[PDB]
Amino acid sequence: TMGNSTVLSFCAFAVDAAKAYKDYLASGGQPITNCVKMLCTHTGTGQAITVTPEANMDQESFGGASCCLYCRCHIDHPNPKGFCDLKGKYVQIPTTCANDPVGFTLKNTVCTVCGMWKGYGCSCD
């Protein structure tokens, strides 16, 4: 098992950190841990990213920044204003994927319409 600081270091100095984290996971690597899990009722909306925790019965809630590879790596966000969609918000992850929230937020996309994760509850189809 690799620990957090070895993975994080490895990705942070990659020219493409997101590709390194994915390629690492694909090879069977141990996911980044110590994301900040939230106590909450699990009666929330199920929206992906929210101002307070919004988990439904099928989700967990985390502190957004602790689930963001770039925040966890202390590097610039790949958005040309450098702005973070998770910093200071709360992210709702499906409980099945809650063992790798950093990987989940990376690999996935919020539906422009729903508000929920495309492919994971987004009902729109």
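The first residue of the shown sequence is 1; numbering continues from there. Whichever C-alpha set is largest while still superposing within 1.5 Å between the two forms counts as the rigid core.
What stretch shows more C-alpha movement in 8 other deposited structures of this protein relative to this form, 22 to 30 or 35 to 43, after the core is superposed?
Most displaced of the pair in 8 other deposited structures of this protein: 22 to 30.
Once everything is fitted on the core, do the CA positions of 76 to 84 or those of 56 to 64 lie farther from the shown form in 8 other deposited structures of this protein?
Relative to the shown form, the greater RMS C-alpha distance in 8 other deposited structures of this protein belongs to 76 to 84.
Comparing average C-alpha B factors as deposited, tell me which of 82 to 90 and 63 to 71 sits higher.
Averaging CA B-factors over each stretch, the winner is 82 to 90.
For the stretches 73 to 81 and 44 to 52, which has the higher mean C-alpha B-factor as given in the deposited record?
On average, C-alpha B-factors are higher across 73 to 81.
Where does the C-alpha B-factor of residue 97 rank in its chain, lowest, middle or highest third?
Answer is highest: the recorded C-alpha B-factor places it there.
Ordered by C-alpha B-factor within the chain, which third holds residue 35? Give me lowest, middle or highest, please.
For residue 35, whose C-alpha B-factor we compare with every modelled residue in the chain, the answer is the middle third.
Taking the chain's C-alpha temperature factors as the reference, tell me which third residue 113 falls into: lowest, middle or highest.
For residue 113, the deposited C-alpha B-factor lands in the highest third.
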